[PDB]
Structures are given as C-alpha cells and as structure tokens.
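Read the single chain below, which is given as structure tokens and is the form solved without the DNA.
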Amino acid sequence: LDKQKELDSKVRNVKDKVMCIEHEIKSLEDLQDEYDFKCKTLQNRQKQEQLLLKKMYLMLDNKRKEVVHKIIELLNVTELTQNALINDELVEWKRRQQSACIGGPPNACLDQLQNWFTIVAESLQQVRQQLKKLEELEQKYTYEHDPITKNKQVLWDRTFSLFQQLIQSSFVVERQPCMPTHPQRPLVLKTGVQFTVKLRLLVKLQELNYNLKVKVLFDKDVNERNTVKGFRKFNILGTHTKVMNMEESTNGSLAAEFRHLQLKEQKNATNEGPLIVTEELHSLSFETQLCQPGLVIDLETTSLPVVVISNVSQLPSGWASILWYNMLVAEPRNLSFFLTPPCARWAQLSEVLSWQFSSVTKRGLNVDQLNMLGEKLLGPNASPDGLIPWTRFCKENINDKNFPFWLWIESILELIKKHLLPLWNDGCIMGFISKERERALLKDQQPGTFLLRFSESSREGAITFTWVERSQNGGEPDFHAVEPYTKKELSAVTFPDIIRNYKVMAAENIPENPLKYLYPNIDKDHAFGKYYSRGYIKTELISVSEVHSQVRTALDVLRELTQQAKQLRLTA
C-alpha cells in the first residue's frame, strides 16, 4: 500500500551513489597526483618504468570514464525520483491538503516529503562539487577526447535544471490562508480581519536559513480582473514581505509565517457582475529568489483560491464555494464558477457533507441520514452517479422551499454546535429523516415513543420531536410533531429540559408528557438523564402545548380532538 518503501530506497540509492563517486574521485585525484609525480620525476634525468607510466595513464582515463558514467547514471536515477517526488507524492499531498482543509481526514506531516526533497537536494549539490573538482583535474591534466571535457557542459546543465525545479517545486503553502478568528472556515477572508498563511521550503538546507525573503502578492497576473465583468480589486495591508528561517518553527523546518496580514478593497469608485461576490475567487501568490555564487533561482507558489466577503453574514455562503472548488477542481482556476460550474456527484458530496459534521462535531452523517439528504437533492434514485448542480446546492431554493440547501444545513450545524452537541454527539438525534420514514418507523412502536428530527422548512434551523399515539383503529395511528425549536427557545432552556417537562395541556384537564420512550424503546429519563439541568415557592420554566378545543389527561383530549378531525372530512 506504500510506494514510500520503494521511494525511500531510490533516494537511499541516490545518496549511496554520490558517496561512492566521492570515494572514487578521491582516488582519481590521488592517482592523478602520482601520475604527474612519476611523469615529472622520470623527466628529471633497464628499469624501464615507462611501461608503468603507460598503464597509470590508462587507469586515469578509465577512472575518468568511470566517474563520468557514474554521475550520468546518478543524474538519470535522480531524474526518475524527482519526477516521482514532484509529480506524484507532492501532487497527492496537495490534493489531500485541500481535502483536509474542507473536512477530510487530517493530512500527514510534510516531514517525509521534506526528508525526501532534502537529501536529493543534498546529493544534487555534492554532485555540483564533484563536477567542479573534476574541472580542477581537467585543467591540471587533459588530452585527446577527455571524458571530463566531453560531458562537462551538459552534466553541469543537467544537475542545475534538476536542482532548479526541485527546490522550485519545494515552495509550498504549508498552512492555507485562514482568519484565526474564524478557524474552521479557511480560504474565506473578510475585509479588515487579519489572516495567517505559512509557506514552507521542503529542502531544508542550512545554507538557506535567513537567506530567503518571500513577498506576498494579491491577484498577481490577472487576466480575469479585466476580462470578467465587475471583478473587484483589493490590496494587502501589513508587512508584504517576510524572511524564511528555521528556529521560529518548532520542528526546525525552513518556513515563513505571515501572521497579522489583512485585506482591504480599492477606492476606485458598483458595477454589475455575472459572478456574485462569494462566487468570485482570488488568489494570493508568493515570490522568493535564491541568489547564491553564480546561480539565481526564481520561486513562485500560490495559495488555493480565496473568497473575500464584506461581513460575517457571507461566511456560510462563501464556504459553499470553497467546498465546491476543492471538491471538484485540483488546479487554481479562478473562473471555476463563471457560469460553467460543474455539477458535483453524490458519491463525493455524500461524504464531504459527512465531513462538515465530524469536523464541527464528533459525529458524522450516517447512511440513513445520507439517504435522506440524497433524496432531497436527487430524488428516489439514491445513485452514487447522481449529479448535483451548484445552483441546487447554494443558489436556487431547495424543492418547494424558500431557502437554499446548504444554508439549511449550515444553520442546522450552527444549532448542533451551539445547543445540541452532546445529544448529537451521543447519537440520540435521528435528525435527518423524511416525514414518510419518520411515520413508518414509529407505526409499529409503543405509543410512548418519539424521535428528534430537524425541520426541513426552518430557515433559521430548528429541531423537533415526533411521537405516535393510538387512534381508535389499531393500524394507521396518530402522528404528532410540535412546532420545531429554534435557538431562540433553546437559549432559554435546553432541549433535554424541554423534552422532560414537556406537557400537553387542555382546559380543565390533567397535563401529561406524551414523550415516554425514544425510538428503540428507551425510557425518557433513562435516555436523557445525563443531559438534564438537574422560602418562596420554586418556579421552573417549561414548554407546553394547549390543545384548546391512568385517568383522563390532556392527551386523552388530544386523542379525541384528532379523531374528530379524522372522522370529519371523511368520504361518502
């Protein structure tokens, strides 16, 4: 399952190959020196020894031929490992970085990648040093068709182009733009709020500590700003530059954290646009440069596209765009919406929805909840291939409703985070359930039994219980749900308190709590025990329902008032 094992070996092999080369060049100059030594002492005037100086010559030429073969052999294996490193392992990191940012499983450490990039780079610069001591031996001693001279140039050019792009691709945004004051929603930034972003260089060469300075550019190289209509122009406030180093990081990595960076719009002084503000993407790019003796390398990375918003109202709308982006696109195309947004497909939305909950809460969406939502978006066919347009997700109002899909679940999340967390996290809430299934689950259940479900018609995001009562005829019983509770109500008293002291009352009758067992036949106080709040007359504060027309209570008048309704509007 790990191509890491083979990659470790290749770069091990790379390190192992440069080191023999270094060993063989030492004896190459060792013999180069005694050839000059012998050939010079013999010139200073039957023990021929000219047979030796002819052999010592051939060794030198063979040895030269050998290390030139060994270097090109190495440049050929390192071309193969970098292609893997840069074009597989690193590319896959970046995709699972955009999965992680929007709710996926956590990303691994950059450290395996950094370790790979590093010793490849460390080998790539030892070869540079070897190519240069070979040059020292070439002009101390050359001859016809010197294998040093015949490969000197393209060996030099091959190591650099490799080294150049290697560290060029090493320039990664380790942590994407993210307003700390809004931690769980990166890539969306509000004018006047500071955000942070951390760049990293994976090659980790001590020679580079405090030697690279990164500039931040907003909307660099914009054809879209003057092509697309009404594009908004912004500017970065803060230190636009920062120098990389290794002690600020705790892991010793070479990075440059732009803390305290903020964004404000231009003062151009309105126009219409085919792309609404949250649908409009920008990008934050970064530039640095490696000036060393004789060589110059230009580095340029870019963050994932960001959405900028005017006020916190636009936070959930914007985050839909982020999600649609990193769900589908893997490339920074700032026109991905335009008005060509791809429809997503349920097999992906299905679990990125599940992510929005496990990231916020400690519990994700289950299959039964996913079928519910599936049907709401697609229909009866719960097909993984199901195509979910972007308009049906955040633009057009869902089905026969007056609010879009995503915002309906954002505010459900809101509510769960702020009021329903331990209930939801313990799995007491069967919140995602159509009214059709809702009924069919309780139909053959004890009349004390209920279930908590989220309302599909509350824009502000509410929860409600549904219970079943018997209805003259044994089959086709009576199904009741209370008006669902928004945060306004649960701020005043928690849902577990509401459930326990709920009363159905009626003029001149005993109140009684309809709710007796939660769905799998579990007693109310045994189910919601741990979630309860727990000289004058004490007073408590409770939700109640007056029906307004054991012994006869108010649910006995509830039963009668609804059969009278059912016995009315009968056919004849």
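Rigid core (definition): largest C-alpha set, two forms, superposition within 1.5 Å. One-based numbering along the sequence shown.
Another form, the form solved in complex with the DNA, is not on view; read the next lines as being about it.
The stretch from 420-428, 286-294, 179-187, 91-99 that comes within 4.5 Å of the DNA in the entry with it bound, counting heavy atoms only, is 179-187. Using a 4.5 angstroms limit between non-hydrogen atoms, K267 touches the DNA in the entry with it bound.
Not displayed here, the DNA is approached by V312 to within 4.5 Å at the level of heavy atoms in the entry with it bound.
Mapping the unseen interface onto this chain, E414 counts among the residues with a heavy atom inside 4.5 Å of the DNA in the entry with it bound. Though the partner is left out of this view, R232 does reach within 4.5 Å of the DNA in the entry with it bound, counting heavy atoms only.
When contacts are defined as a non-hydrogen atom within 4.5 Å, all of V193, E272 and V277 contact the DNA in the entry with it bound. A 2 Å or larger CA shift between the shown form and the other one, after fitting on the rigid core, occurs at just one of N334, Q194, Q114, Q356, namely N334. Core-aligned CA deviation for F405 between the shown form and the other one: less than 2 Å. With the core held fixed between the shown form and the other one, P316 has its Cα displaced by under 2 Å.
For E89, a C-alpha deviation below 2 angstroms is recorded between the shown form and the other one after rigid-core alignment.
The pair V277 and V193 is looser in the entry with it bound: their Cα-Cα distance rises by no less than 3 Å compared with this form. Relative to the shown form, the CA atoms of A506 and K524 are brought 3 Å or more closer together in the entry with it bound.
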